[PDB]
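In what follows, a single structure is set out as structure tokens and then discussed.
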Amino acid sequence: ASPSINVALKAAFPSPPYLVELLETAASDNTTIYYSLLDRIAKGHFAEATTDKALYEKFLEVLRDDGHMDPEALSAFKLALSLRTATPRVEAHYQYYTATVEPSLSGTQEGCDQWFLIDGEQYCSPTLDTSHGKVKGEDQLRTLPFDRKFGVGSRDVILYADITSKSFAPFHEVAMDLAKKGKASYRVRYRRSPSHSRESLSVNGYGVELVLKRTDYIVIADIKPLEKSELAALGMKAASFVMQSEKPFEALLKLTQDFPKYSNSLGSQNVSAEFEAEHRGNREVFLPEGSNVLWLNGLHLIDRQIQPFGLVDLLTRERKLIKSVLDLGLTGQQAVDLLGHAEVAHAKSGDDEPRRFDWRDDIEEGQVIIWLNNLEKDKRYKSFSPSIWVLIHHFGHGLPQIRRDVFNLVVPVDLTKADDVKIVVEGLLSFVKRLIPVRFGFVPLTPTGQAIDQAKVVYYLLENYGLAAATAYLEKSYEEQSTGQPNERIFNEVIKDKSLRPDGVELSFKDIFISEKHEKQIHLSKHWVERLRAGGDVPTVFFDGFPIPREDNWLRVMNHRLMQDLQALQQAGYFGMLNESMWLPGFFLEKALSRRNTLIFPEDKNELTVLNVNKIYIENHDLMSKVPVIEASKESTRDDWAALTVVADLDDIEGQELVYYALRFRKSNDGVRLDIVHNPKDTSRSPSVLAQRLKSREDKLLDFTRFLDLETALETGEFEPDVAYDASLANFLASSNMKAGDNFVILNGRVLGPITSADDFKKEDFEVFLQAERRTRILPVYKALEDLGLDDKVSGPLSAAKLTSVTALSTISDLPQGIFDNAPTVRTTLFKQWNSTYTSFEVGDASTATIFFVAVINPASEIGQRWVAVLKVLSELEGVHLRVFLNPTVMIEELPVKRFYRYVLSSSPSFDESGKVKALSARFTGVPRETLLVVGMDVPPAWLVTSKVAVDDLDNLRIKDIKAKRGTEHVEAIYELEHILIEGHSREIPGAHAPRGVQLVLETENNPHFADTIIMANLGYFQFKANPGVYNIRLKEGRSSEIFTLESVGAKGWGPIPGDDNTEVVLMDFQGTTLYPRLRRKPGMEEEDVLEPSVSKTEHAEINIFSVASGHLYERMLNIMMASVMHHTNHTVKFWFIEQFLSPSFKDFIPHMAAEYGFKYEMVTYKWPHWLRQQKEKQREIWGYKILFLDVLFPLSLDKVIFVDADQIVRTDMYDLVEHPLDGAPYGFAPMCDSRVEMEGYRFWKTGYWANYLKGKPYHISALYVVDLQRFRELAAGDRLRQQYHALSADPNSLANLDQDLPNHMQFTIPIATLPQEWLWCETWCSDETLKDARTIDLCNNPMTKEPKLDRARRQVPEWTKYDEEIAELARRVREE
Ligand SMILES: *[C@@H]1O[C@H](CO)[C@@H](O[C@@H]2O[C@H](CO)[C@@H](O[C@@H]3O[C@H](CO)[C@@H](O)[C@H](O[C@H]4O[C@H](CO[C@H]5O[C@H](CO[C@H]6O[C@H](CO)[C@@H](O)[C@H](O)[C@@H]6O)[C@@H](O)[C@H](O[C@H]6O[C@H](CO)[C@@H](O)[C@H](O)[C@@H]6O)[C@@H]5O)[C@@H](O)[C@H](O)[C@@H]4O)[C@@H]3O)[C@H](O)[C@H]2NC(C)=O)[C@H](O)[C@H]1NC(C)=O
Ligand SMILES: *[C@@H]1O[C@H](CO)[C@@H](O[C@@H]2O[C@H](CO)[C@@H](O[C@@H]3O[C@H](CO[C@H]4O[C@H](CO[C@H]5O[C@H](CO)[C@@H](O)[C@H](O)[C@@H]5O)[C@@H](O)[C@H](O)[C@@H]4O)[C@@H](O)[C@H](O[C@H]4O[C@H](CO)[C@@H](O)[C@H](O[C@H]5O[C@H](CO)[C@@H](O)[C@H](O)[C@@H]5O)[C@@H]4O)[C@@H]3O)[C@H](O)[C@H]2NC(C)=O)[C@H](O)[C@H]1NC(C)=O
Ligand SMILES: *[C@@H]1O[C@H](CO)[C@@H](O[C@@H]2O[C@H](CO)[C@@H](O[C@@H]3O[C@H](CO)[C@@H](O)[C@H](O[C@H]4O[C@H](CO[C@H]5O[C@H](CO)[C@@H](O)[C@H](O)[C@@H]5O)[C@@H](O)[C@H](O)[C@@H]4O)[C@@H]3O)[C@H](O)[C@H]2NC(C)=O)[C@H](O)[C@H]1NC(C)=O
Ligand SMILES: *[C@@H]1O[C@H](CO)[C@@H](O[C@@H]2O[C@H](CO)[C@@H](O[C@@H]3O[C@H](CO[C@H]4O[C@H](CO)[C@@H](O)[C@H](O)[C@@H]4O)[C@@H](O)[C@H](O[C@H]4O[C@H](CO)[C@@H](O)[C@H](O)[C@@H]4O)[C@@H]3O)[C@H](O)[C@H]2NC(C)=O)[C@H](O)[C@H]1NC(C)=O
Ligand SMILES: [Ca+2]
Ligand SMILES: [Pt+2]
Ligand SMILES: [Pt+2]
Ligand SMILES: [Pt+2]
């Protein structure tokens, strides 16, 4: 009975058969569930269910009966099935099939509904006797994202099937059995089934908004009744209403959806209830008032992640993690509590800190470092104070002089190399002479004969008294040509000054063989260099235990840490942490490690891979119950416990050397539990044999002394290859990121590798690896775990590893830090402090729940409207707990909620009277008749949406008008999910920077030019508009491919994850595709694309004009604008439109305008980037579209474009604007009229701000402008517009009209070609005498009038009606056609 508004969304691809959709939804990523169900339907088991409901009903019984899903997983299945999450995954198959299979399968297909593909040969029969073809094109055997494999087999077999028919069942069984035997590996690909209809897909998981477009009025339903200054209490009174209500969750939803309507209805019946002002004790401690914050098991979620799809993927990932933990008898509550524990988060913060290594001589008994200083005893520094306050009282960029030991620098030098020697002589000594407060040491490098000798020479001379003498040899040797070999001619003169007085020393060129000098000194030195990996092609310098490689201005690097260390000391001093009797260098050495490994301590701190240990022993039980295992000792302590697994190629010296070290390390550490996985490069000989050789010798392996005993044990014994072991072996490596013949080391789930050389990982390297790993991951788990009293659950080394490994996985970055939010992956428990009695309500059983949600919603917020709606539906799921906190603000200067909101989502599928799946829609009932409303779509980030069906003006909705024009109080509108985004964040390799101005091309096997875009400066951002299918990204041929080669598109993650050296993208989800591509510069390039070392016309048109209209009137005016151009030019014109702001009525009309006026048209759009600052106000969005995305909105093939406003009319042949010289400027604009005499008052660009800023430059008009696009992109103007906009936009009152104001603010930075004013006329600011020579007319809003735009047009232009009549009769001609 009530006046209603209904909005629905449909996808750009037809609905896949329900059967296949349930198969896919059901088996998310578990293959066993997939083929176990594929058997069931090939029985013909699912043939007897006639309707979708019955079919759905059948799946529930099956899954429950076969043990596939438990209540928790079943509930999750229903929600994912409502969401229709599997539909794009199925469409990926079809698009792949349509575009790569059919054109590479030459011949005549009839009866070949299904067909296996074997060795590039097609077989239409199960009996496999005859083969139709040699399939053309690239290999289809490439394993791609949507593939499934069943079994391991030398041969690879693919079946392209239409499951729907019964013709499928025998083909399946042929290859299912063939795989069950082990002849070949089986996989299913889909074929679009013609039994099913080509009806489009009805989607859900989006939001609809009805925005009040008139907010200006402030002091069943007709119009909202407003309110005076009492705004301040809205949030507060709104929060109370709910608390009081009795069924609070429902209230919030009912209140929050129709909130603008209930504003005046608040403040009634002794409303405030001031008990809830008690809990600002909880605002005093943690979050600011009116802020929306969501947590999922401690994880703080960003707004983008708060949609149904984003949330389904998070549960899926989270449950996998927790379930792993709760097989050790922990409740979901206990598991989460452990993950977010204080001791755990402390460790992440702990090793976010920079790493230092112990540079001391202590281990090598003080005989390796030859210091050029001592600050406590050098009689250079005698003058200086040895006081702590000297440090603390130092400001500036310098360094305080002090007689104390505080800063140290040890530099390893090769005495053969001139450049290396030069460092000590010039570099190091100057610093000494200069009285720098840094102690300087150096240790010689011994990698060649001559080097060994020269270390001996210098070292020995020093050891047993010589100082200045050794220095002297070095200096003389360096200056005296270039000595990279000992020179006696030079050496002998140095000795001539007989300063060798302090206690007897040997003399001559006998390069000493003294067991003390040659052996101890040189071997001790080598032990220091090896220990800290301080040698090689690139040696390593240690400043305060901080490794700085000896490359390009390392002293610049040193100075940076020198200042950073000094500031670190000062802070401790002002807090009185420091005292006078202290060794200051040991403030840094507190956490320093004795040994240094680049694998354990990579310089890229993020580089970390951890595997779920429970998973490893669950998936590969067949493998891991038959690997040689050294159990960790019976009588060792929990603190000692650790689990180690070594993966190695025992058919290589490095592979077996690595294992010998691991075995050696095990003898020493009784607590470790060792596993050996033999991973061979060549699988001609079964891997099971060598594993079987060792497990027999398992008792006897740890009981030995020599390497050959291990070598010999590998050779001896006769064994039967367990091919079942071999299968689980190759599955393990595939699941883990591991190649064949590659060496890896796994301690408590953490993987290091591949190990290229076994000298990289020695016995001493395992010891530090355990020491470091122990610290971070094991000790924080142990403490935290014990604090909760769950320390009964640890029963051994393998038992422990399950927990430590899981908690390490919980804190993994992906989504990468610095992209969506800078904040680290730390699970807070910080809201547990909050009192809950009067602001919170919970839904779900906390005792059973695996998912714990903590929502902090401000009822007065518009963001809250969506949050409540989504959370209600996720709250309905079994095994989920939710707790809500309401936190309003007292700061309400403007109206809080200015829209109505509906979320299209269900927790389980709904069925028809005919049993078909119910489509979902947003229905607003009892809409006020007199309020002007705007329809908006609040769609997931990867989606691009436009109106398809609507007869109404969605930008100007009023029920009274529709009733008085259409006769109906009921409105229906249908949208189309036209595109889904492929978006990514680029980087250059190895010196990672965003490659800006790089051009990209998206392609498919059908067409090599799907789309094109250019790389942005901000996060190396780029995007493509696409739908489900298999694509490829090639750098655009030209300057881009000249400078770069892209190794990869980051489809696996930030990585590099091995196996991702690919350029293939596929989208099979409603979340699109997120990519992290990598591009490495070609041989010796410091080049830039942006600077140099009839095409567009042919492709498009002579003239390219683009525009936007946001209403039926403005669209009607746009029709006139296009016509005026056409009458005024006999040239070829192409029109470009901003697709999403236009009505379907307009959209359905243009082909008819194009036939009549003879122009070409193209619809364009771009999705507003996530990083780029949003516009809550639609009019402002539109303005942003005209200026911010000029370089990326139009295809690269377009040389230039012209913007003409909708209300405009043109009397000129528009080419002239193209031919207009821009004198090296990217875009051209027309200025504001000065000609009108008496208008001055309203000319605001002659005021202080605009006249001070625009020193001499004009105040330009955004109604008309030219963009020399080739130059625009070449100058990279867009990036500058975007970052200045983002920076300026922080202030809300910054840009009144951004479109005009941005080019004006940027005309100093970016040239603006100024146009002849013959190019623009407006009555408001130009005289009537001016219009004779006027080229085009804008209808600028007169502010001294209220005469409407329709009136100005008829009065101002007499030919306006002539244009309108033409359109009017044509519209009727079409309607009567
Ligand atoms: C776009 O599309 C079309 C086709 O491609 C075309 O559009 C033209 O636009 C004009 C308006 O700009 C149309 O109107 C005519 O404009 C002229 C003014 O130039 C008017 O005089 C004319 O009225 C009468 O005369 C027409 C023909 O007379 C003209 O002839 C001379 C032009 O040169 C050609 O002459 C003949 C063809 O006639 C040919 O053999 C030659 O090789 C030349 O190519 C010119 O010297 C004339 O001027 C004298 O005479 C007039 C009186 O006629 C007098 O007033 C003058 O003082 C002078 O002594 C004269 O212009 C005739 O066709 C009309 O029917 C009418 O009787 C129109 O109002 C025009 O119809 C139209 N077509 C052409 C081909 O011109 C353009 O090619 C395209 N335009 C753009 C912008 O892209
Ligand atoms: C000035 O600068 C100094 C130097 O930088 C700073 O001094 C102290 O720095 C410590 C941090 O490194 C803080 O810890 C305190 O230590 C003292 C003494 O150290 C004890 O432990 C040592 C550890 O031994 C191991 O390691 C060394 C190598 O590092 C190795 O050689 C050993 O073999 C061994 O493996 C011992 O070497 C040392 O002999 C001594 O035992 C300690 O007294 C502090 O303890 C306080 O708190 C505990 C409870 O946490 C309490 O039990 C203590 O009671 C004492 O008194 C009763 C009754 O007489 C007696 O029964 C006990 O046996 C205790 O002796 C005591 O109240 C603490 O652990 C320390 O904070 C820090 N400063 C102070 C003031 O303590 C510091 O900046 C300044 N200190 C001074 C005094 O100048
Ligand atoms: C992909 O999907 C498949 C199928 O949906 C999943 O595979 C399932 O995994 C189950 C894992 O537990 C497995 O259960 C096994 O059942 C046998 C027979 O009872 C047990 O011998 C196995 O050993 C494990 O558990 C026992 C003790 O548990 C049993 O007894 C208690 C009562 O005392 C019962 O509560 C319990 O349910 C078990 O019956 C231990 O002693 C062993 O040491 C060992 O840990 C397994 O429990 C299923 O057979 C298997 N298939 C099906 C149809 O459910 C697969 O997990 C999934 N993968 C992913 C990634 O989720
Ligand atoms: C969540 O909800 C709880 C509900 O209990 C709030 O707790 C209140 O906390 C305040 C501040 O601590 C309490 O007020 C004070 O209590 C003192 C007694 O407790 C102290 O001593 C015990 C040991 O005996 C300690 O364990 C404890 O930590 C306290 O230190 C009184 O001595 C205080 O009196 C002082 O102030 C008054 C008023 O100015 C003077 O007249 C006195 O002479 C004296 O100087 C004081 O009363 C309060 O009792 C607690 N309860 C309530 C209902 O408020 C949490 O604050 C709240 N947290 C959040 C984040 O919202
Ligand atoms: Ca205008
Ligand atoms: Pt400095
Ligand atoms: Pt401090
Ligand atoms: Pt991003």
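Just remember, in the structure tokens the first chain shown is A, the second B, etc., residues are 1-based per chain, and ligands are 1-based in the order shown.
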Checklist entry - as a VMD selection string, which residues of range 674-904 of chain A does DSSP assign to helix (DSSP H, G or I)? => result chain A and resid 687 to 696 698 to 701 708 to 715 723 to 735 763 to 788 797 to 810 863 to 875
Residues at most 6 Å from ligand 2, using only C-alpha atoms and all ligand atoms? Could they come as an mmCIF file with N, CA, C and O atoms, in the first residue's frame?
```
data_model
loop_
_atom_site.group_PDB
_atom_site.id
_atom_site.type_symbol
_atom_site.label_atom_id
_atom_site.label_comp_id
_atom_site.auth_asym_id
_atom_site.auth_seq_id
_atom_site.Cartn_x
_atom_site.Cartn_y
_atom_site.Cartn_z
ATOM 1 N N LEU A 578 70.936 5.893 32.234
ATOM 2 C CA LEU A 578 72.389 5.840 32.201
ATOM 3 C C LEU A 578 73.061 6.290 33.487
ATOM 4 O O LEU A 578 72.496 7.096 34.234
ATOM 5 N N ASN A 579 74.289 5.786 33.726
ATOM 6 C CA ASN A 579 75.095 6.144 34.889
ATOM 7 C C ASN A 579 76.576 6.219 34.524
ATOM 8 O O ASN A 579 76.967 5.706 33.479
ATOM 9 N N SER A 581 79.440 4.894 35.770
ATOM 10 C CA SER A 581 80.274 3.697 35.706
ATOM 11 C C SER A 581 79.534 2.705 34.815
ATOM 12 O O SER A 581 78.735 1.904 35.301
ATOM 13 N N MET A 582 79.743 2.821 33.492
ATOM 14 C CA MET A 582 79.059 1.997 32.497
ATOM 15 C C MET A 582 79.870 1.832 31.235
ATOM 16 O O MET A 582 80.518 2.784 30.791
#
```
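Distance annotation: of A:1182, A:338, A:1101, A:937, the residue with the minimal separation from residue 1141 in chain A is A:1182; atom set is only C-alpha atoms.
Using only C-alpha atoms, the smallest distance between any of A:885, A:56, A:601, A:46 and residue 291 in chain A comes from A:885.
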Report as a tab-separated table the residues of chain A within 12 Å of ligand 3, each with its shortest atom pair and distance in Å (one decimal), using only C-alpha atoms and all ligand atoms, ordered by chain and increasing residue number.
```
residue	atom	partner	partner_atom_place_in_ligand_line	distance
A:26	CA	ligand 3	5 (O)	10.3
A:27	CA	ligand 3	2 (O)	8.3
A:28	CA	ligand 3	61 (O)	9.7
A:29	CA	ligand 3	60 (C)	7.7
A:30	CA	ligand 3	1 (C)	4.9
A:31	CA	ligand 3	1 (C)	6.9
A:32	CA	ligand 3	2 (O)	5.3
A:33	CA	ligand 3	2 (O)	5.2
A:34	CA	ligand 3	2 (O)	8.7
A:35	CA	ligand 3	2 (O)	10.2
A:36	CA	ligand 3	4 (C)	8.2
A:37	CA	ligand 3	5 (O)	10.1
A:62	CA	ligand 3	53 (C)	10.9
A:63	CA	ligand 3	5 (O)	8.1
A:64	CA	ligand 3	5 (O)	9.7
A:65	CA	ligand 3	53 (C)	9.0
A:66	CA	ligand 3	53 (C)	5.5
A:67	CA	ligand 3	54 (O)	4.4
A:68	CA	ligand 3	5 (O)	3.5
A:69	CA	ligand 3	5 (O)	6.7
A:70	CA	ligand 3	5 (O)	9.6
A:73	CA	ligand 3	61 (O)	10.1
A:74	CA	ligand 3	5 (O)	11.9
A:316	CA	ligand 3	61 (O)	10.7
A:317	CA	ligand 3	60 (C)	11.2
A:319	CA	ligand 3	61 (O)	10.2
A:320	CA	ligand 3	61 (O)	7.7
A:321	CA	ligand 3	60 (C)	10.8
A:323	CA	ligand 3	61 (O)	9.3
A:324	CA	ligand 3	61 (O)	9.7
A:327	CA	ligand 3	45 (O)	8.5
A:328	CA	ligand 3	45 (O)	10.3
A:329	CA	ligand 3	35 (O)	12.0
A:612	CA	ligand 3	60 (C)	11.6
A:614	CA	ligand 3	45 (O)	10.3
A:615	CA	ligand 3	60 (C)	8.0
A:616	CA	ligand 3	60 (C)	10.9
A:617	CA	ligand 3	45 (O)	9.7
A:618	CA	ligand 3	45 (O)	7.9
A:619	CA	ligand 3	60 (C)	7.7
A:620	CA	ligand 3	58 (N)	11.5
A:621	CA	ligand 3	44 (C)	9.6
A:625	CA	ligand 3	43 (O)	11.4
A:735	CA	ligand 3	60 (C)	11.3
```
Please identify every residue of chain A that has at least one atom no farther than 7 Å from an atom of ligand 8, counting only C-alpha atoms and all ligand atoms, and for each give the shortest atom pair and the distance in Å to one decimal, arranged by chain then increasing number, as CSV.
```
residue,atom,partner,partner_atom_place_in_ligand_line,distance
A:819,CA,ligand 8,1 (Pt),5.1
A:820,CA,ligand 8,1 (Pt),5.6
A:984,CA,ligand 8,1 (Pt),6.8
A:985,CA,ligand 8,1 (Pt),6.4
A:1170,CA,ligand 8,1 (Pt),6.1
A:1171,CA,ligand 8,1 (Pt),6.4
```
All residues 9 Å or closer to residue 869 in chain A, only C-alpha atoms, same chain fewer than 2 positions away omitted, as a PDB file with N, CA, C and O atoms, in the first residue's frame:
```
ATOM      1  N   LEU A 253      19.228  -1.536  13.654  1.00  0.00           N
ATOM      2  CA  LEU A 253      19.037  -1.756  12.245  1.00  0.00           C
ATOM      3  C   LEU A 253      17.842  -0.919  11.757  1.00  0.00           C
ATOM      4  O   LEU A 253      17.976  -0.175  10.785  1.00  0.00           O
ATOM      5  N   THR A 256      18.862   2.861  12.321  1.00  0.00           N
ATOM      6  CA  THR A 256      19.946   3.252  11.447  1.00  0.00           C
ATOM      7  C   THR A 256      19.569   3.248   9.937  1.00  0.00           C
ATOM      8  O   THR A 256      20.088   4.097   9.209  1.00  0.00           O
ATOM      9  N   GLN A 257      18.665   2.349   9.470  1.00  0.00           N
ATOM     10  CA  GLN A 257      18.276   2.322   8.045  1.00  0.00           C
ATOM     11  C   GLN A 257      17.455   3.540   7.616  1.00  0.00           C
ATOM     12  O   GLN A 257      17.678   4.059   6.530  1.00  0.00           O
ATOM     13  N   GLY A 864      28.142   3.679   9.888  1.00  0.00           N
ATOM     14  CA  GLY A 864      27.493   2.787  10.839  1.00  0.00           C
ATOM     15  C   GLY A 864      26.322   2.061  10.220  1.00  0.00           C
ATOM     16  O   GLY A 864      26.099   0.890  10.546  1.00  0.00           O
ATOM     17  N   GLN A 865      25.594   2.744   9.284  1.00  0.00           N
ATOM     18  CA  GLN A 865      24.426   2.199   8.574  1.00  0.00           C
ATOM     19  C   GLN A 865      24.766   0.899   7.872  1.00  0.00           C
ATOM     20  O   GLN A 865      24.020  -0.079   8.003  1.00  0.00           O
ATOM     21  N   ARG A 866      25.911   0.885   7.164  1.00  0.00           N
ATOM     22  CA  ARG A 866      26.403  -0.277   6.434  1.00  0.00           C
ATOM     23  C   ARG A 866      26.867  -1.346   7.381  1.00  0.00           C
ATOM     24  O   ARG A 866      26.466  -2.493   7.224  1.00  0.00           O
ATOM     25  N   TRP A 867      27.714  -0.972   8.351  1.00  0.00           N
ATOM     26  CA  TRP A 867      28.299  -1.864   9.351  1.00  0.00           C
ATOM     27  C   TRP A 867      27.290  -2.715  10.061  1.00  0.00           C
ATOM     28  O   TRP A 867      27.458  -3.926  10.066  1.00  0.00           O
ATOM     29  N   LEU A 871      26.944  -6.740   9.649  1.00  0.00           N
ATOM     30  CA  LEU A 871      27.169  -7.460  10.893  1.00  0.00           C
ATOM     31  C   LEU A 871      25.978  -8.252  11.383  1.00  0.00           C
ATOM     32  O   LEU A 871      26.195  -9.297  11.994  1.00  0.00           O
ATOM     33  N   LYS A 872      24.730  -7.803  11.099  1.00  0.00           N
ATOM     34  CA  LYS A 872      23.521  -8.537  11.481  1.00  0.00           C
ATOM     35  C   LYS A 872      23.500  -9.894  10.787  1.00  0.00           C
ATOM     36  O   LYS A 872      23.286 -10.927  11.444  1.00  0.00           O
ATOM     37  N   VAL A 873      23.784  -9.881   9.470  1.00  0.00           N
ATOM     38  CA  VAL A 873      23.842 -11.068   8.628  1.00  0.00           C
ATOM     39  C   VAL A 873      24.994 -12.031   9.011  1.00  0.00           C
ATOM     40  O   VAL A 873      24.794 -13.247   8.993  1.00  0.00           O
ATOM     41  N   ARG A 902      19.859   0.683   2.631  1.00  0.00           N
ATOM     42  CA  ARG A 902      19.447  -0.716   2.590  1.00  0.00           C
ATOM     43  C   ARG A 902      20.584  -1.590   2.103  1.00  0.00           C
ATOM     44  O   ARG A 902      21.229  -1.268   1.103  1.00  0.00           O
ATOM     45  N   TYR A 903      20.830  -2.692   2.804  1.00  0.00           N
ATOM     46  CA  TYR A 903      21.871  -3.602   2.388  1.00  0.00           C
ATOM     47  C   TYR A 903      21.252  -4.864   1.851  1.00  0.00           C
ATOM     48  O   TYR A 903      20.433  -5.500   2.533  1.00  0.00           O
ATOM     49  N   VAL A 904      21.640  -5.221   0.623  1.00  0.00           N
ATOM     50  CA  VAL A 904      21.133  -6.402  -0.054  1.00  0.00           C
ATOM     51  C   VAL A 904      22.019  -7.593   0.309  1.00  0.00           C
ATOM     52  O   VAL A 904      23.104  -7.753  -0.258  1.00  0.00           O
ATOM     53  N   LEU A 905      21.562  -8.402   1.295  1.00  0.00           N
ATOM     54  CA  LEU A 905      22.288  -9.577   1.777  1.00  0.00           C
ATOM     55  C   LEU A 905      21.426 -10.507   2.663  1.00  0.00           C
ATOM     56  O   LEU A 905      20.617 -10.020   3.460  1.00  0.00           O
TER      57      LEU A 905
END
```
Checklist entry - Which residues, written as a PyMOL selection string, have at least one atom at most 7 Å from range 829-834 of chain A, with only C-alpha atoms counted and residues fewer than 5 positions away on the same chain left out? => result chain A and resi 282+298+340
Could you give me, as a short mmCIF file (atom, residue, chain, number, x, y, z; two decimals) with N, CA and C atoms, in the first residue's frame, the residues within 10 Å of residue 993 in chain A, counting only C-alpha atoms and dropping anything in the same chain fewer than 4 positions from it?
```cif
data_model
loop_
_atom_site.label_atom_id
_atom_site.label_comp_id
_atom_site.auth_asym_id
_atom_site.auth_seq_id
_atom_site.Cartn_x
_atom_site.Cartn_y
_atom_site.Cartn_z
N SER A 986 52.71 -1.51 -8.69
CA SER A 986 54.01 -1.77 -9.31
C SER A 986 55.21 -1.34 -8.49
N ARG A 987 56.38 -1.86 -8.88
CA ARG A 987 57.68 -1.50 -8.36
C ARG A 987 58.77 -1.85 -9.35
N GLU A 988 59.83 -1.04 -9.32
CA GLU A 988 61.02 -1.23 -10.13
C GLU A 988 61.89 -2.22 -9.34
N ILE A 989 62.75 -2.97 -10.04
CA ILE A 989 63.67 -3.93 -9.42
C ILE A 989 65.09 -3.55 -9.85
N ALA A 1017 52.13 7.55 -10.20
CA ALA A 1017 53.24 7.77 -9.29
C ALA A 1017 52.94 7.21 -7.91
N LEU A 1019 51.94 4.72 -5.45
CA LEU A 1019 51.97 3.27 -5.25
C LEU A 1019 52.10 2.47 -6.54
N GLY A 1020 52.64 3.09 -7.60
CA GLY A 1020 52.75 2.45 -8.91
C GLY A 1020 51.41 1.86 -9.29
N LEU A 1079 59.19 -4.87 -12.34
CA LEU A 1079 59.78 -4.46 -13.60
C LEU A 1079 61.25 -4.17 -13.35
#
```
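A distance cut-off of 12 Å from ligand 4, applied to only C-alpha atoms and all ligand atoms, picks out the residues residues 275, 276, 277, 278, 279, 280, 281, 282, 283, 284, 285, 286, 287, 830, 831, 832, 833, 834, 835, 836, 837, 838 and 839 of chain A.
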Item to check | Residue set, range 40-178 of chain A restricted to strand (DSSP E or B), as a VMD selection string | outcome: chain A and resid 115 to 118 121 to 123 134 150 155 to 161
Would you write out those residues with C-alpha atoms, as an mmCIF file, in the first residue's frame?
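Printed below is selection_10.cif as written:
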```cif
data_model
loop_
_atom_site.group_PDB
_atom_site.id
_atom_site.type_symbol
_atom_site.label_atom_id
_atom_site.label_comp_id
_atom_site.auth_asym_id
_atom_site.auth_seq_id
_atom_site.Cartn_x
_atom_site.Cartn_y
_atom_site.Cartn_z
ATOM 1 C CA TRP A 115 36.568 -34.478 -24.743
ATOM 2 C CA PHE A 116 39.824 -35.255 -23.025
ATOM 3 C CA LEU A 117 42.983 -33.511 -24.220
ATOM 4 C CA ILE A 118 46.085 -35.780 -24.183
ATOM 5 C CA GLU A 121 45.422 -34.641 -29.103
ATOM 6 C CA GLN A 122 41.638 -34.508 -28.636
ATOM 7 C CA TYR A 123 39.560 -37.670 -27.851
ATOM 8 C CA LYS A 134 46.852 -31.628 -33.241
ATOM 9 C CA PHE A 150 43.244 -35.486 -8.944
ATOM 10 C CA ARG A 155 50.947 -38.198 -18.163
ATOM 11 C CA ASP A 156 48.628 -35.171 -17.795
ATOM 12 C CA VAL A 157 44.944 -35.469 -18.812
ATOM 13 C CA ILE A 158 42.233 -32.678 -19.124
ATOM 14 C CA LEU A 159 38.428 -33.194 -19.553
ATOM 15 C CA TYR A 160 36.320 -30.214 -20.882
ATOM 16 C CA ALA A 161 32.830 -31.148 -19.731
#
```
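Residue nearest residue 802 in chain A, chosen from A:1038, A:484, A:325, A:1289 and counting only C-alpha atoms: A:325.
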Item to check | Distance query residue 664 in chain A at most 12 Å, only C-alpha atoms, self and fewer than 2 positions along chain excluded, as a ChimeraX atom specification | outcome: /A:657-662,666-670,672,674,701-707,710,762-767
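Those protein and nucleic acid residues that have any atom within 8 Å of ligand 1 are, using only C-alpha atoms and all ligand atoms, residues 1128, 1129, 1130, 1131 and 1213 of chain A.
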